[PDB]
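*Asks:* Below: one structure in structure tokens.
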Amino acid sequence: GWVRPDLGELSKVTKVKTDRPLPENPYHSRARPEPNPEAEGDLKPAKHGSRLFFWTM
Amino acid sequence: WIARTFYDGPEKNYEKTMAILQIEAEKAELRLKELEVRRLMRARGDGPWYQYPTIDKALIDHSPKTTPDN
Ligand SMILES: CCCCCCCCCCCCCCCCC[C@@H](O)O[C@H](CO[C@H](O)CCCCCCCCCCCCCCC)COP(=O)(O)OCC[N+](C)(C)C
């Protein structure tokens with residue numbers, strides 16, 4: 001009683017009912033390094049200007 | 001008469017010198033601090049400055065790759 005699969009059926013993406021657990025770390029990665037501080041604030045004018053040599057602004 | 005019509009009292013120049021000295025000393029200490037901060041950031045790279053680009057991770061394709069083992 002076997003019916004031959006039609007064109008376009010064996011190439012389908014199907015779902016699998018499995019009871020095997022999903023690997024939590026399949027890549028065996030290390031812990032990612034901590035990011036840079038990402039400072040935030042509200043801008044204020046540069047103190048006493050550019051402070052480059054004799055320039056007062 | 002000359003002092004009244006051409007010049008001012010010692011207080012003005014005295015306190016102007018006080019203010020000028022205060023500004024210049026602050027600028028000097030700011031310059032020294034800025035140099036030290038630059039040295040530290042260039043040495044460790046943990047600051048906002050001297051940040052050199054690395055590969056963007058949004059370019060990685062996370063999909064099956066015709067082979068189970070990547
Ligand atoms: C015996 C009695 C007289 C004694 C001799 C006195 C003669 C004085 C002449 C020399 C003056 C030296 C300079 C003095 C002025 C300095 C610049 C400025 O400070 O003076 C301003 C005043 O200057 C005058 O307005 C201009 C003086 C110009 C003198 C020119 C004399 C020669 C002119 C000749 C012309 C002849 C006619 C043309 C013939 C062809 C006012 O200053 P000010 O910024 O407030 O100061 C702040 C402090 N305050 C507020 C208390 C004053």
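Chains: A, B, ... in order of the structure tokens. Residues: from 1 per chain. Ligands: from 1, in order shown.
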Which residues come within 12 Å of residue 38 in chain A, counting only C-alpha atoms, excluding same-chain residues fewer than 5 positions away, as a list in words?

*Replies:* residues 46, 47, 48 and 49 of chain B

*Asks:* With C-alpha atoms retained, export the selected residues as a PDB file, in the first residue's frame.

*Replies:*
```pdb
ATOM      1  CA  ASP B  46      38.505  50.902  27.962  1.00  0.00           C
ATOM      2  CA  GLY B  47      37.514  54.521  27.365  1.00  0.00           C
ATOM      3  CA  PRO B  48      35.582  56.289  24.617  1.00  0.00           C
ATOM      4  CA  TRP B  49      38.844  57.352  22.972  1.00  0.00           C
TER       5      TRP B  49
END
```

*Asks:* Residues at most 10 Å from ligand 1, using only C-alpha atoms and all ligand atoms? Could they come as number ranges by chain?

*Replies:* B: 1-9, 12

*Asks:* Please save N, CA, C and O atoms of the selected residues as a PDB file, in the first residue's frame.

*Replies:*
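Dumped to result_38.pdb:
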```
ATOM      1  N   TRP B   1      44.762 114.671  40.704  1.00  0.00           N
ATOM      2  CA  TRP B   1      43.970 114.820  39.490  1.00  0.00           C
ATOM      3  C   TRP B   1      44.302 113.732  38.478  1.00  0.00           C
ATOM      4  O   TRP B   1      43.399 113.144  37.872  1.00  0.00           O
ATOM      5  N   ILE B   2      45.593 113.453  38.283  1.00  0.00           N
ATOM      6  CA  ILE B   2      46.005 112.430  37.326  1.00  0.00           C
ATOM      7  C   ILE B   2      45.473 111.067  37.748  1.00  0.00           C
ATOM      8  O   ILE B   2      44.937 110.307  36.933  1.00  0.00           O
ATOM      9  N   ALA B   3      45.598 110.744  39.039  1.00  0.00           N
ATOM     10  CA  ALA B   3      45.106 109.465  39.537  1.00  0.00           C
ATOM     11  C   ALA B   3      43.597 109.354  39.380  1.00  0.00           C
ATOM     12  O   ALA B   3      43.073 108.274  39.086  1.00  0.00           O
ATOM     13  N   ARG B   4      42.877 110.458  39.582  1.00  0.00           N
ATOM     14  CA  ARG B   4      41.425 110.417  39.472  1.00  0.00           C
ATOM     15  C   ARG B   4      40.971 110.257  38.026  1.00  0.00           C
ATOM     16  O   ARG B   4      40.026 109.510  37.750  1.00  0.00           O
ATOM     17  N   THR B   5      41.622 110.945  37.087  1.00  0.00           N
ATOM     18  CA  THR B   5      41.090 110.973  35.729  1.00  0.00           C
ATOM     19  C   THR B   5      41.707 109.935  34.801  1.00  0.00           C
ATOM     20  O   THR B   5      41.145 109.676  33.731  1.00  0.00           O
ATOM     21  N   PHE B   6      42.836 109.326  35.161  1.00  0.00           N
ATOM     22  CA  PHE B   6      43.483 108.381  34.261  1.00  0.00           C
ATOM     23  C   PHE B   6      43.581 106.962  34.797  1.00  0.00           C
ATOM     24  O   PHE B   6      43.766 106.038  34.005  1.00  0.00           O
ATOM     25  N   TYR B   7      43.462 106.754  36.103  1.00  0.00           N
ATOM     26  CA  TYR B   7      43.767 105.458  36.694  1.00  0.00           C
ATOM     27  C   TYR B   7      42.677 105.033  37.673  1.00  0.00           C
ATOM     28  O   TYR B   7      41.720 105.762  37.937  1.00  0.00           O
ATOM     29  N   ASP B   8      42.843 103.823  38.208  1.00  0.00           N
ATOM     30  CA  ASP B   8      41.921 103.239  39.174  1.00  0.00           C
ATOM     31  C   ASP B   8      42.660 102.844  40.445  1.00  0.00           C
ATOM     32  O   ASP B   8      43.872 103.054  40.556  1.00  0.00           O
ATOM     33  N   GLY B   9      41.946 102.265  41.400  1.00  0.00           N
ATOM     34  CA  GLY B   9      42.537 101.877  42.659  1.00  0.00           C
ATOM     35  C   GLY B   9      43.216 100.529  42.586  1.00  0.00           C
ATOM     36  O   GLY B   9      43.049  99.750  41.635  1.00  0.00           O
ATOM     37  N   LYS B  12      41.158  96.977  41.946  1.00  0.00           N
ATOM     38  CA  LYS B  12      40.782  96.461  40.636  1.00  0.00           C
ATOM     39  C   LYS B  12      41.864  95.554  40.068  1.00  0.00           C
ATOM     40  O   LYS B  12      41.592  94.410  39.689  1.00  0.00           O
TER      41      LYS B  12
END
```

*Asks:* Just need the residues of chain B within 12 Å of chain A, counting only C-alpha atoms, so spit them out as a PDB file with C-alpha atoms, in the first residue's frame.

*Replies:*
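Heads up, here's the output in selection.pdb:
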```pdb
ATOM      1  CA  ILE B  20      43.487  85.625  36.047  1.00  0.00           C
ATOM      2  CA  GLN B  22      42.727  81.260  39.196  1.00  0.00           C
ATOM      3  CA  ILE B  23      41.768  80.721  35.539  1.00  0.00           C
ATOM      4  CA  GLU B  24      45.342  79.956  34.476  1.00  0.00           C
ATOM      5  CA  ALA B  25      45.937  77.497  37.326  1.00  0.00           C
ATOM      6  CA  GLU B  26      42.716  75.674  36.463  1.00  0.00           C
ATOM      7  CA  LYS B  27      43.809  75.481  32.823  1.00  0.00           C
ATOM      8  CA  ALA B  28      47.199  74.061  33.838  1.00  0.00           C
ATOM      9  CA  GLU B  29      45.724  71.345  36.046  1.00  0.00           C
ATOM     10  CA  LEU B  30      43.176  70.548  33.321  1.00  0.00           C
ATOM     11  CA  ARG B  31      45.974  70.093  30.776  1.00  0.00           C
ATOM     12  CA  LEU B  32      47.898  67.750  33.079  1.00  0.00           C
ATOM     13  CA  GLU B  34      43.939  65.529  30.134  1.00  0.00           C
ATOM     14  CA  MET B  41      42.865  55.404  27.596  1.00  0.00           C
ATOM     15  CA  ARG B  44      43.967  50.166  28.239  1.00  0.00           C
ATOM     16  CA  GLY B  45      41.444  51.059  25.546  1.00  0.00           C
ATOM     17  CA  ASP B  46      38.505  50.902  27.962  1.00  0.00           C
ATOM     18  CA  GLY B  47      37.514  54.521  27.365  1.00  0.00           C
ATOM     19  CA  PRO B  48      35.582  56.289  24.617  1.00  0.00           C
ATOM     20  CA  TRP B  49      38.844  57.352  22.972  1.00  0.00           C
ATOM     21  CA  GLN B  51      38.426  52.855  19.965  1.00  0.00           C
ATOM     22  CA  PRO B  68      25.699  19.920  10.268  1.00  0.00           C
ATOM     23  CA  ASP B  69      29.167  20.891  11.536  1.00  0.00           C
ATOM     24  CA  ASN B  70      29.153  24.409  10.018  1.00  0.00           C
TER      25      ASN B  70
END
```

*Asks:* Report, in Å with one decimal, the straight-line distance from CA of residue 56 in chain B to CA of residue 25 in chain A.

*Replies:* 21.8 Å

*Asks:* Which one of B:65, B:58, B:50, B:13 sits closest to residue 38 in chain B if you count only C-alpha atoms?

*Replies:*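 Smallest distance to residue 38 in chain B is found for B:50.
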
*Asks:* Go ahead and compute the interatomic distance for CA of residue 42 in chain B and CA of residue 30 in chain A, in Å to one decimal.

*Replies:* 26.4 Å
